[PDB]
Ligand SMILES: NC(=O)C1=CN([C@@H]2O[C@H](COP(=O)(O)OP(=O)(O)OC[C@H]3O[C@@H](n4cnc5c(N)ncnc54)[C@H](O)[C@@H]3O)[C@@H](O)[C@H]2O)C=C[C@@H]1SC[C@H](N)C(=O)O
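Coming up is one lone chain in structure tokens, specifically the form solved without the ligand.
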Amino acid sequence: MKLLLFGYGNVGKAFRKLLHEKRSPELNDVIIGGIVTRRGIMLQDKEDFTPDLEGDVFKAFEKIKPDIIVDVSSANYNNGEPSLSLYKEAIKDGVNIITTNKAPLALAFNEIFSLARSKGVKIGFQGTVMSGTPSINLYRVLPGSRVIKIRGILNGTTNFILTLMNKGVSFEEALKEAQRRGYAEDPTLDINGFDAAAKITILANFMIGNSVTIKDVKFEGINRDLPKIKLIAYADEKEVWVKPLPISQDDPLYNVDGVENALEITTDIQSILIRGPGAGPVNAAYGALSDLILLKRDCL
């Protein structure tokens, strides 16, 4: 089984490392046929990236003819490209996709998945939401029950800032500490709620079946005007949004502090919550590796 690895920043590097740690017998026959970055194409599996040829991901794809594309490349939220068109091409060729790149799915989930379903091609995307903590894949083991609503904390930086504030720290001092720890840079991009909006978009599509794109989400982030508040991401059959809200002591999200993420899935039978880390390159890479193993099991 031959992979094309698209992207070789921290996530791709972590992915290649996990793959070589021989973590499952299901991966014994898996090799990386090539790695492609903005610097070119390496037609070898090596720790260090050195391009053998110039060319983009489509050239790599045509040259290598992989069984699976693993997309760990940078999220382009302008238009999802080249990943969006690449996935459609791969699907039409019966090439499976494993991705940690949120953009194509936040922009065009139904387009991609409708096509995959029609061709019987599998898509792993666990690493797009809550990284290595089963979210997408948690729903895979909740068969036969309709999801009514989902609610979560889906961004660690804003959760960390709000955690400090509930403990009596001012917004200004809490933000500074997030910056000190490297969670926020202009911290504007890190605290605007967009990241959570991209994630809840994907969850909503997959779990509820609400064809939604990022433009449909009503989102906002955190700022000095906030007074225990959490940045809540929510989806149901009617709407998708992200907003700061007061959280009761009755709430299983109450204790979800620091950089931790959490997802509460409410079905006709029960409400369950999972919590874990939601970021980190090893974590995201592990979401992808998990999808790879499930794919080898024929369980996507």
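Think of the rigid core as the biggest set of C-alphas that the two forms share within 1.5 Å after superposition. Just count from 1 along the sequence shown to find any residue number.
The discussion below concerns the form deposited with the ligand bound, not included here.
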| property | result |
| --- | --- |
| Candidate stretches 210-218, 100-108, 144-152, 168-176, one within 4.5 Å of the ligand in the deposited complex by heavy atom | 100-108 |
| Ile202, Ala184, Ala90, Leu162 - the one with a heavy atom within 4.5 Å of the ligand in the deposited complex | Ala184 |
| Contacting member of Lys238, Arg38, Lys65, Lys46, with respect to the ligand in the deposited complex [4.5 Å, heavy atom] | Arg38 |
| Residue contact check: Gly193 to the ligand in the deposited complex, 4.5 Å heavy atom | no |
| 4.5 Å heavy atom contact, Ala116 and the ligand in the deposited complex | no |
| Exercise: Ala279 in contact with the ligand in the deposited complex, heavy atom 4.5 Å | yes |
| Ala75, heavy atom within 4.5 angstroms of the ligand in the deposited complex | yes |
| Neighbours of the ligand in the deposited complex among 1-26 [non-hydrogen atom within 4.5 angstroms] | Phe6, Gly7, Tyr8, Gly9, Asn10, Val11, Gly12 |
| Mobile residue between the shown form and the other one, C-alpha criterion 2 Å or more, rigid core, from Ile91, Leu107, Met165, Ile136 | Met165 |
| Displaced residue check between the shown form and the other one: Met207, CA, 2 Å or over, core reference | no |
| Threshold 2 Å Cα movement between the shown form and the other one for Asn192, core superposed | yes |
| Threshold 2 Å Cα movement between the shown form and the other one for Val121, core superposed | no |
| Closer or farther in the deposited complex: C-alpha pair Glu177, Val11 (3 angstroms or more) | closer |
